[PDB]
> 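Before anything else, here's the structure in question.
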Amino acid sequence: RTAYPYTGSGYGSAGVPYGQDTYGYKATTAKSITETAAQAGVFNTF
Amino acid sequence: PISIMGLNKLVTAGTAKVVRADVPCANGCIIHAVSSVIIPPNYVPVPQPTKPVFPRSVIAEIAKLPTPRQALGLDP
Amino acid sequence: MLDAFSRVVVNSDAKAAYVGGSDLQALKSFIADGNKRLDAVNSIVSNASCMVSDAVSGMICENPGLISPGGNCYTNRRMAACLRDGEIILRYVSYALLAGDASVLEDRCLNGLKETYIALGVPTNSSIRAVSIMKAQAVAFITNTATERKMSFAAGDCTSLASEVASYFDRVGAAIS
Amino acid sequence: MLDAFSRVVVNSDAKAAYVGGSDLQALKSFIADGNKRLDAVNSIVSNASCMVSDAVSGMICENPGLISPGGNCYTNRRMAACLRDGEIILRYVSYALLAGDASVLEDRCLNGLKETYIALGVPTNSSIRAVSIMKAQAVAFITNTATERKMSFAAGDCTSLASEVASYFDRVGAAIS
Amino acid sequence: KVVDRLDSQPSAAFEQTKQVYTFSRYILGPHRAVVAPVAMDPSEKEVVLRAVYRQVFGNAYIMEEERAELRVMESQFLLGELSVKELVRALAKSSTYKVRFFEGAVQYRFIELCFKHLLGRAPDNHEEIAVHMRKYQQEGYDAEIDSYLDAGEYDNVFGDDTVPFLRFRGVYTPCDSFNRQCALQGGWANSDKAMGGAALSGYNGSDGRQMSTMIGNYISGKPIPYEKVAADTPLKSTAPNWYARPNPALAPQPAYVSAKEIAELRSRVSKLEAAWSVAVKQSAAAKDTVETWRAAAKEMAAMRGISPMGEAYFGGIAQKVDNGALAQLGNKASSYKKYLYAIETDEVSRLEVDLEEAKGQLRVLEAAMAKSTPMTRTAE
Amino acid sequence: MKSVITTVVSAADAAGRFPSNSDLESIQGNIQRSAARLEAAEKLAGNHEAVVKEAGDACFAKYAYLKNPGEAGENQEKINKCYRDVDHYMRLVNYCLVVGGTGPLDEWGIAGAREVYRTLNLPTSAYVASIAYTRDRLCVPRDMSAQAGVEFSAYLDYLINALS
Amino acid sequence: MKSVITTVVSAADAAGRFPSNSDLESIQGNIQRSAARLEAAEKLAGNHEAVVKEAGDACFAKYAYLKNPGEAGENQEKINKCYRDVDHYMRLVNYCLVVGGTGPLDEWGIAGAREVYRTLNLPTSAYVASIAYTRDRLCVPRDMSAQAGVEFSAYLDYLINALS
Amino acid sequence: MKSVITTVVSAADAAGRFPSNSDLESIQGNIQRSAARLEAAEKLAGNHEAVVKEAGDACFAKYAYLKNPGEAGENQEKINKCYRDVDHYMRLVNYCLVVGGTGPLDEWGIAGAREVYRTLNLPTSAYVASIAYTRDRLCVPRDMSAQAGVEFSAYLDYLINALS
Amino acid sequence: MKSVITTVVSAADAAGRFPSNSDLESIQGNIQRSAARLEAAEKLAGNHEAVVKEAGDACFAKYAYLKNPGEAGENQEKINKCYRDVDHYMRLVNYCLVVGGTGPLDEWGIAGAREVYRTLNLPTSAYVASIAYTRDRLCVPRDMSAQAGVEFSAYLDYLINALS
Ligand SMILES: *[C@@H](C)[C@H]1/C(=C/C2=NC(=C\c3[nH]c(C[C@H]4NC(=O)C(C=C)=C4C)c(C)c3CCC(=O)O)/C(CCC(=O)O)=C2C)NC(=O)[C@@H]1C
Ligand SMILES: *[C@@H](C)[C@H]1/C(=C/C2=NC(=C\c3[nH]c(C[C@H]4NC(=O)C(C=C)=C4C)c(C)c3CCC(=O)O)/C(CCC(=O)O)=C2C)NC(=O)[C@@H]1C
Ligand SMILES: *[C@@H](C)[C@H]1/C(=C/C2=NC(=C\c3[nH]c(C[C@H]4NC(=O)C(C=C)=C4C)c(C)c3CCC(=O)O)/C(CCC(=O)O)=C2C)NC(=O)[C@@H]1C
Ligand SMILES: *[C@@H](C)[C@H]1/C(=C/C2=NC(=C\c3[nH]c(C[C@H]4NC(=O)C(C=C)=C4C)c(C)c3CCC(=O)O)/C(CCC(=O)O)=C2C)NC(=O)[C@@H]1C
Ligand SMILES: *[C@H](C)[C@H]1/C(=C/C2=NC(=C\c3[nH]c(C[C@H]4NC(=O)C(C=C)=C4C)c(C)c3CCC(=O)O)/C(CCC(=O)O)=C2C)NC(=O)[C@@H]1C
Ligand SMILES: *[C@H](C)[C@H]1/C(=C/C2=NC(=C\c3[nH]c(C[C@H]4NC(=O)C(C=C)=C4C)c(C)c3CCC(=O)O)/C(CCC(=O)O)=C2C)NC(=O)[C@@H]1C
Ligand SMILES: C=CC1=C(C)[C@@H](Cc2[nH]c(/C=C3N=C(/C=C4\NC(=O)[C@H](C)[C@H]4CC)C(C)=C\3CCC(=O)O)c(CCC(=O)O)c2C)NC1=O
Ligand SMILES: C=CC1=C(C)[C@@H](Cc2[nH]c(/C=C3N=C(/C=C4\NC(=O)[C@H](C)[C@H]4CC)C(C)=C\3CCC(=O)O)c(CCC(=O)O)c2C)NC1=O
Ligand SMILES: C=CC1=C(C)[C@@H](Cc2[nH]c(/C=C3N=C(/C=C4\NC(=O)[C@H](C)[C@H]4CC)C(C)=C\3CCC(=O)O)c(CCC(=O)O)c2C)NC1=O
Ligand SMILES: C=CC1=C(C)[C@@H](Cc2[nH]c(/C=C3N=C(/C=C4\NC(=O)[C@H](C)[C@H]4CC)C(C)=C\3CCC(=O)O)c(CCC(=O)O)c2C)NC1=O
Ligand SMILES: C=CC1=C(C)[C@@H](Cc2[nH]c(/C=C3N=C(/C=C4\NC(=O)[C@H](C)[C@H]4CC)C(C)=C\3CCC(=O)O)c(CCC(=O)O)c2C)NC1=O
Ligand SMILES: C=CC1=C(C)[C@@H](Cc2[nH]c(/C=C3N=C(/C=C4\NC(=O)[C@H](C)[C@H]4CC)C(C)=C\3CCC(=O)O)c(CCC(=O)O)c2C)NC1=O
């Protein structure tokens, strides 16, 4: 019973894996400036 | 130098007034969408292309140079 | 409304802090350059009557349909009213340069300006340039590089005040953009 | 605004009915229980000042960020207004319990009170909590079952009037939600 | 008992400002009471005359060529037999007033302007608007200006020497009427020529049609939308410049919204206000770890008292005493400072604040999704 | 509507006060009188078709010029349109005998009552003659009791003066 | 002075109506409500010295710091000024009984009282300590009749809500 | 707020005038008087917890009745919410010295305090016996400079004048 | 007259306040900037015959059309009223440097000046050709000091801007 539970396994935890998915250091899903703009389709001229 | 100030949740970069706040990117960079193009402060527009002009007469060149007499006030 | 001294009070209030050692030092350099600020406001209120006709008439020569019939600056009462909002805007930017903070621009100069231009029919693209020309005039008077009027100051630079007054002339140029 | 006795009239004219022995029965029983209603409305107005401090401060102890720098009962200005909007709602509720009709309430406070707090930036469901504590205090006073104060009455059942005053306090809840 | 008398009543004999104005938005902005003193300098007869032309004309541009209509009753004020309540009666009965706000105005728009200009108050209910229409149709324009001013409300509020101001009364008799006047005085940089469309409807700025929006909210009792109370408003001209944690100002309606990001945000507030209902119930009894031991740690708390401060030698060593009220409990300076950091440290207040920023973002993201057919969209 | 309760919760609302002991007593006054005047309402609604029958002709027992050509009682169906009106004003008495005050009279029978009468050739001299033969014909031990009879005799004289 | 009669003929003056039968509703209840409150009038007005004596040391037992040097009871001629102040308030209570409204209290005793005491350094908590005490030494079937004590104990905490 | 700058820009904007030389003259007096009152704000920032602790128990040593059950010092939770109020008033005086005039004490510390102290039954003499203690502890060459002690004890007396 | 001591008293009376530490701090600026505008006020009190002369003909050198018939400066009796007017403006600038603000120039020389010069056909471009000549004639180490040639030049083009 809470609102913001801490993440971790073992004793003294809340039931949430580390980093919310067992991924402490997650990989970058975002892409470069030049291709995140070309993907949106409104930074065409820029 | 450029000024960025968000007051009353109205973020404007110079004369921009951001419409779309944040778009996270690859190398921890941020992208904002602005409604105008920001011109640099000390920007002078490059002039249109022109044809080179040359002095028609050389005597008219000398006719516009003041002499030492005119510089002293002894002549008209 | 706020000035530079009370803006750092309401940011220290956001942290329940006393205005202490590291926050009282930036205000002691606001008064250490307090005479250049008074010397810079005086450059603008001196030439103010010719600042708003150098700009409004410089807008007519670029967009000449403003005085064409049906235009926004067409009659005498329409041209008269454009010169009164020309100097109201310069009057509020002078208070922001004096106070050191753009609160008066947000609280009462721009509080409804974009909506009142659309409700009247003022072309907002031309009224940027009436504010953008006054920015070129004011940074010429503060750095003392006006090409037809020079005023007498002590030696030093006012590069920082000329940059700050540029920030108020395009907070107005973006809050109606 | 309307009353109980006007309410049969504002329904009967839509059929244009002579109100003979048709629907008077909830009105002869209305004035029959007039004294035990007057004995019930006096219970609130004798304790109304100590109700709204009991209720506003009780809202604070459940949400103590309201008095930190930032919260909407921080300064003495924000506390004195919130202590006043508790007094206005308890005053219209005592009017609705006095006439036995709700149409003094929703045309004089609840019309547009939701859009007001969205404009002023008052958090909604903490203000729900303060009307909720005043609901729990009114049904205690009418049944004479408050913990730390008792008033003397002629003995009789007053669980019906306590349901009526509770039926108005959640109309405030349906407004500002 | 918080307030003792409203502003609709006359002031009592023992105050300078009314009580309801002392903690209202009256103290925070330019909408205050300017009074004419007993003997007036000609320079400070302009300070009372510029304030009248602000209010009674509603930030209009009185040019020099059209201020020459008013010099006959200007000078009758500058001499001093026309009080401020009698100057505004003649100014309303003028010609430059009837051209601006009467001769192209629908009868709803003329009454609600007279409510803004003469009184400091947007129209309250509908049968008040109806009875002021029924003067003009039966008595003409002339006696109708005596309806606003020759009643009890002008004498009790403004007297005869205060210029009219937009009242921030505290107590509003419907709570809808606090937004009706907030939409009518809509901006420091606004004027009724713009808000009524009286420059775009006519020819070269003249021949304007002074038409009203929000007519239906008078007849059908319907609230004003919250955007018209927070965008151009008297609440920005009287902005408190606080650190409000729900910041009330509305963000600009963005270009490029998408129905995906509205659906994550809409679900997000349902996770938060369901959590708020189950966290507010849990608190107030078992929230505190050191509370069940407080009655046991308090029973044995007092022993080996001390009068002259500095006893408890503990084997003949110094070891003094504080004897203060705070430190007798064992508290420090950080014992009262913890109440200032409970804005985000707390769990009941962290939920509520994070809820209120989400319905702030949701109220403008939804309303931007009201423009449909030729919409060019994005990839976030 | 102008009732006993609507004043007290507005004579306090203008002052912004709570119901006081003067305020709660004003509804105690709306109990003892309220019996004998709520008693004055069902007797009206019982034989309501006769008090308009005895006034639907006394209005014509004064004036015979109403039945002249061109006038308002010039035919039969507008006498029935007249009967619908005299049906209404005593029915609004039945409404204000249960409210306690004169609320539905000045909200539904007095508002605009002049500017339709003179406009549409409706002379009030025969309207008050219909209500006159209502008034003093009332036999106070037959129709009701004494203290119940003053409450009926008061209200119809309120629109005697209001309609003229 | 706010009475029952004062608040009905003031609202009649705001419209311009005559004294209505709606306004005769209220004062009929005033005669029955004054069987109670006028009985408690002379019960105060024959025994007011013994009440105000007991309330004085009830104030001074709870707040015995008032007899410190520098406070608001530091000599006997400040204590004497105190014992007549609580006899002023008991005198206005006797006035609100016979008038029947909040009028004689919120004009002669309340309006401005928070301004005087905040300047003369009088703690207003000491004032309610003698009013809340004499609120509840009234035991109902011995002091008066049962209905007089409910008006006695209603003006007394109109006072306590005002000053607190 | 209420500062030197805000008074000369709001009186100008009421007139419609640019900043004239009468305005820039008054902002020069903000430069001479600056370092006196920016020297007392820094003395308050680094020593407030020792001031508030000493100013707070002066309230309870003077009035020890507050720690009784029933009053505003009955437990440890209300006592901590007492020393915090002194630290609120002391932090606003530090904000007044930085701004220049009585801006922060008016809008954040006074405007409504006459109401929230009457409702919650907080005695206001207990507030001013804490502020008057610190005004009388000021040893004007030891604590700060002599002109800073004028600027410090000016807002201290401004606050006592507003609460009393 | 508009000055520092009038505007901080008129503002502190609009609210009904005692003079505060932001009202006093303004008048400390009236002390620092008085030693520069008083030696630009006596510097004009002695030499004022030579400056009305040197600037009164600067217009007539510029606008030589003014002495044609029908015009303003057509004859010597109108030229003498013209040299009197530049004396009038120089006297008020001497008044303004004594008070500290532009109260004399406003109340005596500016207020109503557009109503007359349009009526009497006076070209205000000639009036500003005099005042602008006096402005740039100044040699700021020779004529007066540096910060006195700030104060003298400030009121000189406030008059230009109020005529332009
Ligand atoms: C930048 C805008 C200029 C420039 C400005 C400088 N001004 C300097 C000193 C200065 N200015 C004034 C006058 C000002 N103070 C007032 O109180 C009033 C009116 C009430 C005014 C107009 C004064 C008094 C001073 C101080 C020196 C003096 O005159 O005694 C200044 C010197 C640096 C400093 O004082 O901190 C600078 C650099 N100078 C420039 O080069 C650009 C063009
Ligand atoms: C004693 C239990 C009190 C207390 C009483 C004191 N009151 C003092 C002065 C005072 N009291 C009033 C109000 C009173 N006079 C009236 O005429 C009416 C109602 C019609 C009331 C309620 C006034 C107006 C004054 C000032 C004028 C005067 O002295 O008569 C007083 C003297 C204090 C002083 O003058 O320094 C005392 C001691 N003080 C207490 O400690 C408890 C609360
Ligand atoms: C202790 C020496 C005091 C005392 C203090 C109490 N104050 C209580 C509540 C309270 N105080 C204020 C005003 C304060 N809050 C602010 O934000 C500012 C300025 C920025 C100030 C001066 C408020 C608004 C409140 C209510 C909310 C809150 O709890 O903070 C209090 C609690 C009373 C209660 O819970 O019933 C106490 C005990 N009490 C004393 O005896 C002296 C006067
Ligand atoms: C500095 C080298 C200047 C410069 C100065 C000269 N001024 C000359 C004469 C002159 N100056 C004034 C104005 C003087 N009187 C005042 O009351 C004030 C301030 C209010 C000032 C500055 C007057 C009125 C006159 C004419 C009468 C007189 O001499 O006193 C002057 C002699 C030339 C001449 O008289 O025509 C010089 C050299 N000249 C310069 O080139 C730089 C800018
Ligand atoms: C001039 C640079 C513009 C232009 C301006 C026009 N404005 C007209 C009316 C008007 N303008 C304002 C703006 C002004 N008033 C303020 O209070 C503030 C901020 C403090 C500002 C910036 C207002 C309020 C109004 C309405 C005035 C009224 O009610 O009469 C206007 C038309 C006037 C008329 O129709 O009589 C014009 C032409 N137009 C332009 O083309 C340039 C770009
Ligand atoms: C208290 C339990 C709340 C809370 C209240 C605040 N309300 C503030 C201003 C305000 N409050 C109302 C409500 C009330 N006044 C009325 O007139 C009527 C109906 C006729 C009602 C229900 C209104 C209308 C206003 C605005 C009017 C005005 O300011 O004059 C307020 C001040 C906000 C500010 O100063 O910006 C507060 C703090 N806030 C809370 O946190 C609790 C939940
Ligand atoms: C079509 C018509 C037309 C005009 C009217 C001018 C208007 C004008 N002036 C400036 C630029 C400027 N304008 C002024 C204004 C003035 N100079 C003074 O000293 C006086 C006080 C005031 C004239 C009354 C100043 C000071 C500058 C800066 C450079 C300088 O003049 O020294 C600029 C910006 C730079 C540029 O785009 O060239 C413009 C558009 N230009 C035009 O093309
Ligand atoms: C002007 C002010 C004014 C009032 C306040 C009332 C006062 C009042 N209350 C009651 C009388 C009563 N009041 C109650 C009410 C209650 N008893 C309970 O056990 C419950 C706790 C509570 C209801 C919630 C009951 C049960 C009676 C008696 C029965 C009845 O009146 O029908 C009576 C009739 C008995 C008597 O003669 O005293 C009166 C006059 N009348 C007034 O004129
Ligand atoms: C964190 C701080 C905090 C508070 C301030 C209180 C606030 C408070 N009081 C009550 C509940 C109540 N509150 C009152 C109010 C009062 N009682 C009286 O007799 C007086 C007239 C008046 C105080 C002056 C009353 C009458 C009840 C009903 C029960 C009773 O007290 O007999 C309730 C609802 C019931 C509950 O949830 O417990 C709450 C939240 N509780 C808290 O946790
Ligand atoms: C709502 C209240 C109400 C009433 C008061 C009566 C009013 C009334 N009375 C009578 C009818 C009558 N009323 C009376 C009584 C009297 N006639 C007199 O002239 C004496 C003054 C008085 C003696 C006491 C008599 C004798 C009749 C029979 C015919 C007549 O005289 O009118 C009629 C004619 C139709 C009928 O019989 O009902 C009506 C409407 N009906 C009502 O519905
Ligand atoms: C914000 C401003 C500010 C203050 C005014 C002081 C207030 C103050 N003064 C003293 C402490 C002291 N203050 C004095 C001064 C005096 N004692 C006398 O008898 C003389 C009348 C007077 C000289 C003017 C002395 C002698 C002490 C040390 C002894 C003591 O504590 O009483 C202390 C105890 C801690 C300390 O030593 O500093 C504090 C909090 N501190 C502050 O931060
Ligand atoms: C205290 C401030 C103050 C002033 C400045 C003057 C302003 C002023 N000047 C004139 C009056 C005049 N002013 C001029 C002025 C000029 N003629 C020219 O060729 C140039 C345009 C210009 C000066 C070089 C002339 C010629 C007259 C006389 C015009 C006439 O009477 O028709 C008048 C009309 C009354 C009169 O003739 O005296 C007034 C009020 N008066 C004042 O009280």
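Just so we're on the same page: letters track the sequence lines, and every chain starts at 1. For ligands, and for the atoms within them, numbers begin at 1 and follow the listed sequence.
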> Please state whether the rings of G:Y127 and G:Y117 are parallel, tilted or perpendicular, taking 30° and 60° as the class boundaries.
parallel
> For atom 13 (C) of ligand 6, which candidate among D:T75, D:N72, D:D85 holds the nearest heavy atom?
D:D85
> Could you list which atoms of ligand 6 come closer than 4.0 Å to a heavy atom of E:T173?
20 (C)
> At a 4.0 Å cut-off, with the gap strictly under it, does some heavy atom of G:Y89 reach an atom of ligand 2?
yes
> Nearest protein heavy atom to atom 35 (O) of ligand 6, by residue and atom, and its distance?
D:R77 NH1, 1.3 Å
> Report the member of D:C82, E:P248, E:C175, E:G170 with the shortest heavy-atom distance to atom 42 (C) of ligand 6.
D:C82
> Please identify which atoms of ligand 6 are closer than 4.0 Å to at least one heavy atom of E:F178.
26 (C), 27 (C)
> Check ligand 6 against D:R84 and write out every atom of the ligand that is under 4.0 Å from a heavy-atom position of the residue.
10 (C), 11 (N), 12 (C), 15 (N)
> Say you draw a straight line from OG of D:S127 to CG of D:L66; how long is it, rounded to the nearest 0.5 Å?
10.0 Å
> Are the side chains of E:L166 and E:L184 in contact, using a 4.5 Å heavy-atom criterion?
no
> I'd like to check atom 38 (C) of ligand 2 in this structure: does the protein have a heavy atom lying under 4.0 Å from it?
yes
> Report yes or no: does D:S126 have a heavy atom closer than 4.0 Å to ligand 6?
yes
> Using a 4.0 Å heavy-atom cut-off, which part of I:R137 comes near ligand 4: side chain, backbone, both, or neither?
side chain
> I'd like to check which ligand 2 atoms, numbered from 1 as shown, lie under 4.0 Å from a non-hydrogen atom of G:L122.
7 (N), 39 (N)
> Where is the nearest protein heavy atom to atom 37 (C) of ligand 6: which residue, which atom, and how far?
D:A81 CB, 3.8 Å
> How does I:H48 reach ligand 4, by side chain, by backbone, by both or by neither, if only non-hydrogen atoms under 4.0 Å count?
neither
> Could you tell me whether atom 41 (O) of ligand 4 has a protein heavy atom closer than 4.0 Å?
no
> Quick check: E:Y172 and ligand 6, any N/O pair under 3.5 Å apart?
yes
> Mind checking whether I:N47 has an N or O less than 3.5 Å away from an N or O of ligand 4?
yes
> I want to confirm something. Looking only at heavy atoms, which of I:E54, I:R135, I:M144, I:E49 is nearest to atom 25 (C) of ligand 4?
I:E54
> Find all atoms of ligand 2 within a distance of less than 4.0 Å from any non-hydrogen atom belonging to G:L66, and give their numbers and elements.
41 (O)
> At the 4.0 Å heavy-atom cut-off, does E:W242 count as touching ligand 6?
yes
> D:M79: heavy atom below 4.0 Å from ligand 6, yes or no?
no
> Nearest protein heavy atom to atom 35 (O) of ligand 2, by residue and atom, and its distance?
G:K81 NZ, 3.9 Å
> Would you call the rings of G:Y65 and G:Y63 parallel, tilted or perpendicular, where under 30° means parallel and over 60° means perpendicular?
perpendicular
> Would you tell me which option among I:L44, I:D143, I:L156 has the nearest heavy-atom contact to atom 21 (C) of ligand 4?
I:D143
> Answer whether the closest heavy-atom distance between the side chains of G:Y158 and G:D106 falls below 4.5 Å.
yes
> Hey, looking at atom 36 (O) of ligand 6, which of D:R108, E:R25, H:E107 has the closest heavy atom?
E:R25
> Can you sort out which atoms of ligand 2 are near G:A72, meaning under 4.0 Å from one of its heavy atoms?
38 (C), 39 (N), 40 (C), 41 (O)
> List ligand 2 atoms under 4.0 Å from G:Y117, heavy atoms only on the residue side.
22 (C)
> Tell me whether atom 23 (C) of ligand 2 lies less than 4.0 Å from at least one protein heavy-atom position.
no
> Suppose we measure from atom 30 (O) of ligand 6 to each protein heavy atom; which comes out shortest, and what is that distance?
E:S24 OG, 3.5 Å
> Does ligand 6 have any atom sitting under 4.0 Å from a heavy atom of D:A130?
no
> Start with the C-alpha distance between G:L66 and G:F60, add both sets of side-chain angles, then the distance that settles side chain to side chain contact (heavy atoms under 4.5 Å, CB included), and finish with yes or no.
CA-CA 7 Å; G:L66 294 183; G:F60 276 122; 4.0 Å; yes
> Drop me the distance from I:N47's CG to I:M90's CE, to the nearest 0.5 angstrom.
11.5 Å
> Determine, considering heavy atoms only, which of G:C82, G:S130, G:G112, G:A126 sits nearest to atom 1 (C) of ligand 2.
G:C82
> Write out the residue and atom name of the closest protein heavy atom to atom 36 (O) of ligand 2, then the distance separating them to 0.1 Å.
G:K78 NZ, 3.5 Å
> How far is atom 2 (C) of ligand 4 from its nearest protein heavy atom, and which residue and atom is that?
I:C139 SG, 3.0 Å
> With heavy atoms of G:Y127 as the reference, note each atom of ligand 2 found under 4.0 Å away.
5 (C), 43 (C)
> State whether the number of non-hydrogen atoms from other residues, nucleotides or ligands found under 6.0 Å of G:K53 atom NZ is greater than 12.
no
> Is it true that E:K359 and E:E356 have a side-chain N and a carboxylate O under 4.0 angstrom from each other?
yes
> In terms of residue, atom name and distance, what is the protein heavy atom nearest to atom 9 (C) of ligand 6?
D:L120 CD1, 3.6 Å
> Any non-hydrogen atom of D:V56 lying under 4.0 Å from ligand 6?
no
> With a cut-off of 4.0 Å, which atoms of ligand 2 are near a heavy atom of G:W108?
19 (C), 20 (C)
> Taking the minimum heavy-atom distance to atom 16 (C) of ligand 4, which of I:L138, I:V51, I:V52 ranks first?
I:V51
> Test D:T124 against D:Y117 for side chain to side chain contact (heavy atoms under 4.5 Å, CB included), laying out the working first.
CA-CA 7 Å; D:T124 82; D:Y117 282 172; 5.8 Å; no
> Which distance, rounded to the nearest 0.5 Å, do you find between the CG of I:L156 and the OG of I:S130?
11.5 Å
> Is there a heavy atom of G:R84 sitting under 4.0 angstrom from any atom of ligand 2?
yes
> Specify whether E:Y26 and E:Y21 have parallel, tilted or perpendicular ring planes, treating 30° as the upper limit for parallel and 60° as the lower limit for perpendicular.
parallel
> Heavy atoms only: which of G:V128, G:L92, G:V86, G:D85 lies closest to atom 14 (C) of ligand 2?
G:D85
> Does H:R118 reach the main-chain N or O of E:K1 with its side chain, forming a donor-acceptor pair under 3.5 Å?
yes
> Do NZ/NE/NH1/NH2 and the carboxylate oxygens of E:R121 and E:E128 come within less than 4.0 Å?
yes
